[PDB]
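Remarks on the overall topology
Each chain is listed here by its residues.
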Amino acid sequence: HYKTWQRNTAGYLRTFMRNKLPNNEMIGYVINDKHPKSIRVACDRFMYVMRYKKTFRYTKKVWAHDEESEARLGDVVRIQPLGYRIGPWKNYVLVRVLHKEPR
Amino acid sequence: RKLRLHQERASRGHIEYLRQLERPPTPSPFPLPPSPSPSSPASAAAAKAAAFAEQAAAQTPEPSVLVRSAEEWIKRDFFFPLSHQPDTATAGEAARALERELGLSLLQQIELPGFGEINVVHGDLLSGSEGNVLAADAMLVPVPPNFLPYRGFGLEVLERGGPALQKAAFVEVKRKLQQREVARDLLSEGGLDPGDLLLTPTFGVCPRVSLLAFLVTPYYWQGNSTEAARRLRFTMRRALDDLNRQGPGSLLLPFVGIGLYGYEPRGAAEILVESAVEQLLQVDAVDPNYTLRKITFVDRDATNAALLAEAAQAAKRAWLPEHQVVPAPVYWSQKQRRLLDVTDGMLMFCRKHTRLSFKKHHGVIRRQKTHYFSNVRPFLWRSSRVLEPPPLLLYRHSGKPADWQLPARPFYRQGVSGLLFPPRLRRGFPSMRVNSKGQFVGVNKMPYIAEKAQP
Amino acid sequence: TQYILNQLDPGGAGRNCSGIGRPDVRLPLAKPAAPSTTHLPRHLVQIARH
Amino acid sequence: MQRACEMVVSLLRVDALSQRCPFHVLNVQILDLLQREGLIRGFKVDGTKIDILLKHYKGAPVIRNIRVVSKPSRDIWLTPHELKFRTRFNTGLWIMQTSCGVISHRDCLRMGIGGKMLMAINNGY
Amino acid sequence: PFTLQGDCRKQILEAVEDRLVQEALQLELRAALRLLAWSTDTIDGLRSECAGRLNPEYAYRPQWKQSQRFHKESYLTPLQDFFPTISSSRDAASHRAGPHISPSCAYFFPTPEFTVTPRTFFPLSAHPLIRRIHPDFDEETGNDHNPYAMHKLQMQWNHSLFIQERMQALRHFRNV
Amino acid sequence: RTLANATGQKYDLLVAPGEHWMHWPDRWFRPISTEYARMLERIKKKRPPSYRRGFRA
Amino acid sequence: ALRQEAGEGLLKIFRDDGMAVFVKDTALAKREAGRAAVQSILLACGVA
Amino acid sequence: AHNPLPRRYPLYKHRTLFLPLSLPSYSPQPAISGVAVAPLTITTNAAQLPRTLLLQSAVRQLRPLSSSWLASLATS
Amino acid sequence: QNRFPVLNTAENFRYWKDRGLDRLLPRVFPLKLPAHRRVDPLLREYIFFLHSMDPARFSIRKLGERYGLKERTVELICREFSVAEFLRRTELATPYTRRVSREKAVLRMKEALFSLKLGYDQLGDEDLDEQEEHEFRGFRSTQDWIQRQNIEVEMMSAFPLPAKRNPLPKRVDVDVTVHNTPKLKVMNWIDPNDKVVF
RNA sequence: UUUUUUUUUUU
RNA sequence: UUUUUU
RNA sequence: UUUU
RNA sequence: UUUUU
RNA sequence: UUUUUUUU
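The sections below set out a description of the structure shown in this document. (Residues numbered from 1 in each chain as written, not as in the entry; some residues may be left out. Chains lettered and ligands numbered in written order. Part of a larger assembly, values for the part shown. Heavy atoms only, no water. Residues with missing side-chain atoms left out of burial classes, pairs and counts.)

With that settled, consider the overall build of chain G. Across its full length, chain G carries one helix and two strands. Across its three principal axes, chain G shows a C-alpha extent of roughly 35 × 25 × 15 Å. Taking all 48 residues of chain G together, 12% fall into the buried category. Approximately 3900 Å² of chain G is accessible, and the part contributed by carbon and sulfur atoms is 59%. If the 7 positive side-chain charges of chain G are averaged to one point and the 6 negative ones to another, these points end up 7 Å apart. (Helix = DSSP H or I, 4+ residues; strand = E, 2+ residues; numbered from the N terminus. Buried < 20%, exposed > 50% of the residue type's maximum accessible area, 1.4 Å probe, protein only. Areas by Shrake-Rupley, 256 points an atom, 1.4 Å probe, with all protein chains shown as cover. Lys, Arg positive; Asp, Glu negative; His and termini not counted. Charge placed at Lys NZ, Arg CZ, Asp CG, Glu CD.)

Summing up its helical and strand segments, chain F has two helices and one strand in all. Element order for chain F, N to C, with α for helix and β for strand: α-β-α. For chain F, whose C-alpha radius of gyration is 19 Å, the value lies well above the compact-globule estimate of 10 Å for 57 residues. If you line up chain F on its principal axes, its C-alpha atoms span 50 × 25 × 15 Å. Here chain F holds 57 residues, and 30% of them are scored as buried. (Rg over C-alpha atoms; globule rule 2.2 N^0.38 Å.)

This paragraph deals with the sheet that holds strand β1 (residues 26-32) of chain A. Sheet strands pair by backbone hydrogen bonding; their relative direction is either parallel or antiparallel. Residues and elements named next belong to chain A. The five strands are arranged β3-β2-β1-β4-β5 in an open sheet whose pairing can be described as antiparallel. Whereas interior strands pair on both sides, the edge strands pair on one side only; in this sheet they are β3 (54-65) and β5 (93-97). Averaged over all pairs of adjacent strands, the angle between strand axes in this sheet comes to 40°, irrespective of strand direction. In this structure, β1 lies alongside strand β2 (residues 38-49), joined through four bridges in antiparallel fashion. Pairing of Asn 32 across the sheet is with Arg 40, part of β2. (Pairing = 2+ DSSP bridges. Axes fitted to C-alpha atoms, helices over the stretch in contact; angles between N-to-C directions.)

Among the 15 residues in the neighbourhood of RNA strand J, the closest are listed as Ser 333 of chain B together with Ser 82, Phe 86, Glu 103 and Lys 104 of chain I. Counting only the atoms of RNA strand J that lie within 4 Å of the protein, the sugar and phosphate share comes to 50%. Between RNA strand J and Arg 98 of chain I, the relevant distance is 3.2 Å, taken from a phosphate oxygen to a side-chain nitrogen or oxygen of the residue. Between RNA strand J and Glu 103 of chain I there is a distance of 2.7 Å, counted from a sugar or linking oxygen to a side-chain nitrogen or oxygen. In terms of residue class, the surface near RNA strand J is made up of six nonpolar, four polar and five charged. (Near = heavy atom within 4 Å. Polar contact = N/O pair within 3.5 Å; in protein donor to acceptor, adjacent residues only side chain to side chain. Nonpolar A, V, L, I, M, F, W, Y, C, P; charged D, E, K, R; others polar.)

So, about the pairing of strand β5 (residues 93-97) of chain D. Residues and elements named next belong to chain D. Taken across its five residues, β5 has four buried, putting it largely inside the fold. In this sheet, strand β7 (residues 117-121) lies alongside β5 in antiparallel orientation, the contact comprising three bridges. Among the inter-strand pairings, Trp 94 is bridged to a residue of β7, identified as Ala 120. In terms of strand pairing, β5 meets strand β6 (residues 102-104) through three bridges, oriented antiparallel. By the bridge assignment for β6, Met 96 is matched with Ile 103. Here β5 folds back onto β6 in antiparallel fashion, the turn holding four residues, of which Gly 101 has a positive phi close to 85°.

With that settled, consider a positive patch on the surface. Taken together, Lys 53 and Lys 54 of chain A together with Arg 67, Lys 71, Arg 74 and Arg 86 of chain D make up a surface patch of like positive charges. Position of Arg 74 of chain D relative to the elements: it lies in the loop between β4 (66-68) and α4 (80-86). (Patch = residues over 30% accessible without salt bridge, like charges linked within 9 Å, V, L, I, M, F, W, Y side chains within 5 Å. Salt bridge = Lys/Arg side-chain N within 4 Å of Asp/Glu carboxyl O.)

This brings us to the arrangement of the chains. Of all 25 pairs of chains in contact, the one with the most contacts involves chains B and I. When C-alpha atoms are compared, chain A and chain C, though not in contact, are closest at a spacing of 47 Å. With no contact between them, chain A and chain F keep their nearest C-alpha atoms 31 Å apart. (Contact = heavy atoms within 4.5 Å.)

With that settled, the discussion passes to the side chain of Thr 9 of chain A. Inspection of the secondary structure assignment puts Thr 9 of chain A in the segment before α1 (10-19). Classification of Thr 9 of chain A as buried rests on a relative accessible area of 14%. Leaving out residues up to four positions away in the same chain, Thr 9 of chain A has contacts with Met 50 of chain A together with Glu 82 of chain D.

On to the interface of chain I and chain B, then. Across the contact, 51 residues belong to chain I and 73 residues belong to chain B. Approximately 6100 Å² of surface area, both sides summed, lies buried where chain I meets chain B, with 57% of it carried by carbon and sulfur atoms. For the pair chain I and chain B, the interface holds seven salt bridges. The closest approach of N and O atoms between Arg 233 of chain B and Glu 65 of chain I, which form a salt bridge, is 3.4 Å. For the pair chain I and chain B, the number of links is 22 residue pairs in polar contact. Counting only elements with at least two residues in the side of chain I that touches chain B, the list comes to α3 (60-66), α5 (102-117), β2 (168-169), β3 (174-181) and β4 (184-190) of chain I. The element contributing the most residues to the side of chain I that touches chain B is β3 of chain I, with seven residues. Broken down by class, the residue content of the side of chain I that touches chain B amounts to 24 nonpolar, eight polar and 19 charged. (Buried area = accessible area lost by both parts, 1.4 Å probe.)

Bringing the sheet that holds strand β3 (residues 49-53) of chain D into the picture now. Residue and element names in this part refer to chain D. Reading across the sheet, the three strands line up as β1-β3-β2 and stay open at both edges, with antiparallel pairing between neighbours. Each edge of the open sheet carries a strand with a single partner, namely β1 (18-22) and β2 (43-45). Ignoring strand direction, the axes of neighbouring strands in this sheet form an average angle of 20°. The sheet contact formed by β1 and β3 spans five bridges and is antiparallel. Following the sheet pairing, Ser 18 is matched in β3 by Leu 53.

For the rest of this paragraph, the subject is the packing of aromatic side chains. Considering all chains together, one arrives at 16 aromatic pairs over all chains under this definition. Ring centres 4.5 Å apart and planes at 65° place the aromatic pair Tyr 372 of chain B and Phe 373 of chain B in the edge-to-face group. When its relative accessible area of 35% is taken as the criterion, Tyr 372 of chain B is described as partly exposed. A cation over a ring is seen here: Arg 22 of chain C above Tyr 219 of chain B, with NZ or CZ 5.5 Å from the ring centre. Positioned above the aromatic ring of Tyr 107 of chain E, the side-chain terminus of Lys 152 of chain E is 5.5 Å from the ring centre. (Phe/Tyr/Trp six-rings, centres within 6.5 Å; stacked < 30°, edge-to-face > 60°. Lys NZ or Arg CZ within 6 Å of the ring centre and 35° of its normal.)

This part takes up the packing of helix α2 (residues 41-53) of chain I against helix α4 (residues 71-89) of chain I. Axes are the key here: two packed helices are described by the angle between their axes and the distance separating the axes. All names here are of chain I. Two numbers describe how α2 lies on α4: the axes approach to 9 Å, and their chain directions differ by 95°. The angle between the axes of α2 and α4 places the two elements in the roughly perpendicular class. Facing α2, whose interface residues are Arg 44, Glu 45, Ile 47, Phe 48 and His 51, α4 presents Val 74, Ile 77, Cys 78, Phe 81, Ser 82 and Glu 85. Residue classes in the contact of α2 with α4 are distributed as six nonpolar, two polar and three charged. (Parallel < 35°, antiparallel > 145°, perpendicular 65-115°, else oblique.)

The next thing to look at is the nonpolar core. Residues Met 139, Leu 251, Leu 253, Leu 272, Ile 295 and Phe 297 of chain B are the most contacted members of the largest nonpolar core, which totals 39 residues. When contributions to this core are tallied by element, the ones reaching two or more residues are α5 (153-161), β2 (197-198), β4 (214-215), α7 (225-244) and α8 (267-281) of chain B. Ignoring sequence-local partners within four residues, the contact set of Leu 251 of chain B consists of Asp 137, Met 139, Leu 240, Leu 243, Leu 292, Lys 294, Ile 295 and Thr 296 of chain B. Within the second largest apolar cluster, 20 residues are counted, among which are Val 8, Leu 11, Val 28 and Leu 31 of chain D. (Core = buried A, V, L, I, M, F, W, Y, C linked by side-chain atoms within 4.5 Å.)

Residue and element names in this part refer to chain B. With their axes 10 Å apart at the nearest point, α7 and α8 run at an angle of 30° to one another. Judged by the inter-axis angle, α7 sits roughly parallel to α8. Where α7 crosses over α8, the handedness of that crossing is right-handed. Here α7 contributes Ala 229, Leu 232, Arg 233, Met 236, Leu 240, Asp 241 and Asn 244 to the contact with α8, which in turn contributes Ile 271, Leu 272, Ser 275 and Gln 279. In terms of residue class, the contact of α7 with α8 is built from six nonpolar, three polar and two charged. (Left-handed = near helix turned anticlockwise from the far one by under 90°.)

What follows is the structure, given as structure tokens:
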């Protein structure tokens, strides 16, 4: 939790903007594409510390869904959240693929 | 006119306060970037682009905070400069529309039955070619000598008339000057004295003017402000007095004090207005000789005209019984009057033994936190420091509130009342937000107790 | 000359000035000199001389 | 970014006339701002290194104190309304890195944009 | 100079020098524009010297032209660009029938004659407190400079604006 | 102030006074002495006086 | 501004730098004289 | 939650109230009706000066309501 | 080193001040006294009379111009005079035996001593209106509270320099009176931050 | 520590 | 209860 | 209560 | 508590 | 000039 005066500093606002995306979108790279029509997207987030005034990074691995199964391992993609639960692990939907690794 | 409903009067004060805080913009010009900049190419390109951003920054008012998302705002602050016309700078269209209906969007007339006909303050051109373009005695305010160096209303008048008018002016002054010398020599400051008058028939200056008086006026740089005001009153009174037993009663004094001798629309204005009324009534006269029953003021300047009107209002007060205001707290006290008889024995406890008095307990606080949460927080229900407003002024005879009264009394912390980087407050749409469709919808949340205390 | 006098004594419209340096003022000059008749108009003086 | 912080050691010398400095794109832009204020007599890119002259007055140099705020391991950012509180009642020179190039602290407040405090020149506490 | 007598003499030299330079420059420009529009032999001379700089072998001596008598007065005639012509062509551009200037030259320089501008001698400022100290500071506006006058001065001294104008003319000459 | 201004060659003025250390009026060019023996020679060479910008002169 | 001078039929309008912009030597002649003066001052004062 | 008062020898002396007032705007303002309203000095007391009283008086009166490029410049 | 013959320079600021070892030296200073008490008591009666006679002809401002008195100072003369006379006519108590704080008692002694040495003033000597002048009034006068800076730094150049950012007025809440009755007082709360006027 | 005031930077 | 004192 |  | 010496 | 300096 952040105090009222902690929500107006440039350090916190800058971190917020980086994390914040349209439709709560995220950026990550796929690390597992073994199961059919399934890909695990590894997203990286950021956080601010009001004590030492330094920002660190922590990975957030999540599961996604692909229709055409165009994405492959080691390919940065875009994910979008959803207001339901489908499958045991599936919690995201693909939109597009930015980069493609050769084979 | 004559707002009788309480709601109409309440809204009048709101517009007055907002108008004072509103200030029109003043975009400043920006110099062109220099082409032969000695800086490196990397810095030269950045500097050239930044110049254009500043130009549009001060010429692009921003919309309401609620329009765009929070995220958008943060990115814009770090990508573009800050505009000079924030949404919380000028009033919206709602304020302008209200003034149209309330009636806030010939100036004054002081009428006295029996003494003075009318006192119209209509402002317009004098020699442009009825209210303000028919009289028989025109006024003039030349320099102490008979030669105007520059400026002055009379400079134009004299030149317009040509040599025909000028010849008559120099003859009249010559005879008057000689008479003073002989009169002051046979019976026993060789220059003129402020307060003299000279008559000059019109020579085609204005078809609708018969006479043209020449009243000298003093300077303002001599002495302090207190002495300058005293000098102007003496000239005014003498001028008016002489005019009385001169001819028909029709005064067309445009504006005295204006020109190049130093003028003050605030102070000088009150002198003139206040002087006019006395002439009409002829207070300072043992033998009343009602000759002068028409006084008017003419001003070309719009700004000045407006100001003049204000003075008129003040003049009307404290003179006519129909416009005598009185504070409400004292008005009611004066109505329920009683005669109380106090005997000698009733003042026994009033007297005291000690002669002097002073505070016997220092106001030094012991506990800053314990006292604050016991006798400060409970007694504070607002997030802003507001002082007691002034009392309401009511009439004496009718006993109804008047239109013009004292203004608001805004308070500022430490005296400073200037903000360079005002934030985007959320108070523009209380309990209202924008939906996905674009419509206006309400909210259900507890308001912040320190919303106004966190600018 | 006008600028130098302004700094030494602030004076203009709506302000009480000392009147030092103005054409219409007497000063204790070291030697006699004629008044400053340059600011007077030429049309009114010529017609008034006759 | 690392090479930027290496310029303070070379420019902060008393008994010297000219000192070398590694060549960098960002370093070239910084020297331009300092020369405008009259802190550096001049500089020249000698290829792999930049030769920067030193200014002196009555023995003592014009530069007496250098403070590095920004570091490669982190990033200091201040809002337009917060920079004024930090910088007040002082004659110091703060290098601000805004989106529209590099400018001093005085110009950053004029535009009202959020800059980045890089280094301090002639600064006290 | 140090003495009063010596200091006064310096004023005389400065007064005559300031007037002579103004007249010399004014007449110098008059002969420069007319020569370039009438003398046709100047084209050969310019190319001969330009080509000879690289090597003497490319330098050639042109024939110039046969000497002819002249009035030696037409090259020093005043020239003006004024619209009023109700007096039977009072000015009519440079001379009565001399070469004319382009319409685009009526923006920066209203007249072709070389005049003198009243350049300031003190620095400008933006703070109200500092503007009161500038000598040229009128109280009727609160500013120490005229924005309209200074706007045109900056445009004249601008290399970026001149490059665009020069490039446009070059393309027209090459194409047609 | 006198130290920084000399090397900084930039506005280094205070708030109360106005341009006290930087303002250097030309006291050896404008107030130059002039004698009546040589004044008549410069009247026909200098620009004639045709201006209106000074009243207190 | 306006400056008086010996009456000789002269009417000249000078600029700030000391350069004249309009030099003067049934009712058509009178109107033309004033028309040239209004446009002359605006030519060297207007900014497009 | 405090009542300041003197607690020293100087217990009875003139204590005038001071209200600091900096410049309202740094832009150059023109003269209103010929009367200059520019700021002369930064030191301002609580009492309003007559020069400033004119500007504020007029403020309330104002109502809220209301080819080549070089060749083209000369042509227009 | 520089020429600046004026009375608003850094060294000329706060003239006749101890700068050095003379700060600790004891020095006597004149004792201040309000203007409304230095005037002749006789004239106070006269002034009061006029005011109470005809407020219209003898307004608060016009009356103070003849005698050279400020609008605020003249108001106190009538108020202080009224109470003194009221207790005498009604035979309530004498002015000397009147109860008052110690701050006024010392003031009365100074007023009597001021006249015993010099004498009462027949006419006031003060300006009705203020004048913008360079003077030292406290420590809050020579400071900029908007930008919070003491030293202004600007670029030196002959060409026009871009102007600075102008400040905006501070919007604060105020109160006004609409209806006033003996048994109730209604007031309205104004919020300038509200976009909708209604 | 304000007579007629419930107003007052009282000091 | 005395002394001083526009 | 030198305002219960 | 008492109260014009 | 008032039981003023003077003090439950």
